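A.B. asks: Quick one: structure below, then a few questions.
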Amino acid sequence: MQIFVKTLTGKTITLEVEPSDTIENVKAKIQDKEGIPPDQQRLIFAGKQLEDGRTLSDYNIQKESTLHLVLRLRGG
């Protein structure tokens, strides 16, 4: 589908999402880049947890939505 995700390198990539796509099921799609180690990598919109077991549909997040991710600059 048509989505705008943000990477740690401000790269613009595309992502596919299905109707019943769960937050856990989508983990495979994000791996398409290069296996992101950051287990705490999620988006900052309507307080949505990427680790939880919620689906994108429950958050009314349809294609062409505004999904902003967090930059993994600081390791900790």
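A.B. asks: Just to be sure, is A28 of a type in the set (A, V, I, L, M), loosely packed, with under 14 Cβ neighbours inside 10 Å and not in a loop (DSSP other than H, G, I, E, B)?
C.D. replies: When the stated conditions are applied, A28 passes them.
A.B. asks: For the stretch 9-24: of the residues being in contact (Cβ under 8 Å) with a residue 24 or more places away in the chain and exposed (fewer than 14 other Cβ atoms within 10 Å of the Cβ), which is nearest to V70 (Cα to Cα)? Give the derivation first.
C.D. replies: First pass over the stretch 9-24, keeping only residues in contact (Cβ under 8 Å) with a residue 24 or more places away in the chain: 17, 19-24.
Restricting the remaining residues to those that are exposed (fewer than 14 other Cβ atoms within 10 Å of the Cβ) gives 19-20, 24.
Numbers: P19: 24, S20: 24, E24: 18 Å.
Filtering the stretch 9-24 for residues that are in contact (Cβ under 8 Å) with a residue 24 or more places away in the chain and exposed (fewer than 14 other Cβ atoms within 10 Å of the Cβ), the one nearest to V70 (Cα to Cα) comes out as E24.
A.B. asks: Residues in the stretch 1-21 that are of a type in the set (S, T, N, Q) and closer than 23 Å to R72 by Cβ: how many?
C.D. replies: 4
A.B. asks: Tell me, please, whether a residue that is touching a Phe, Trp or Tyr at 6+ places or on another chain (Cβ under 7 Å), part of a loop (DSSP other than H, G, I, E, B) and of a type outside the set (G, A, S) can be found in the stretch 43-55. Spell out the reasoning first.
C.D. replies: Initially, the stretch 43-55 is screened for residues touching a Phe, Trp or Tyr at 6+ places or on another chain (Cβ under 7 Å), giving 46, 48.
Keeping just the survivors that are part of a loop (DSSP other than H, G, I, E, B) gives 46, 48.
Okay, now just the ones that are also of a type outside the set (G, A, S), so 48.
Yes, the stretch 43-55 contains a residue that is touching a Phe, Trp or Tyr at 6+ places or on another chain (Cβ under 7 Å), part of a loop (DSSP other than H, G, I, E, B) and of a type outside the set (G, A, S).
A.B. asks: To continue, here is another question. I'd like the residue in the stretch 45-61 that is of a type in the set (S, T, N, Q) and surrounded by 13 or more Cβ atoms within 10 Å (Cβ to Cβ) and, out of all such residues, is nearest to the chain's Cα centre (by Cα).
C.D. replies: Restricting attention to the stretch 45-61, the residues satisfying the condition of being of a type in the set (S, T, N, Q) are 49, 55, 57, 60.
Keeping just the survivors that are surrounded by 13 or more Cβ atoms within 10 Å (Cβ to Cβ) gives 55, 57.
Working: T55: 11, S57: 13 Å.
Per the stated criteria, the residue is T55.
Cβ coordinates were reconstructed from backbone atoms using ideal geometry, including for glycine residues, and neighbour counts include every protein chain displayed. Where a number appears in this text, it was derived from the coordinates with a stated rule and is not lab data.
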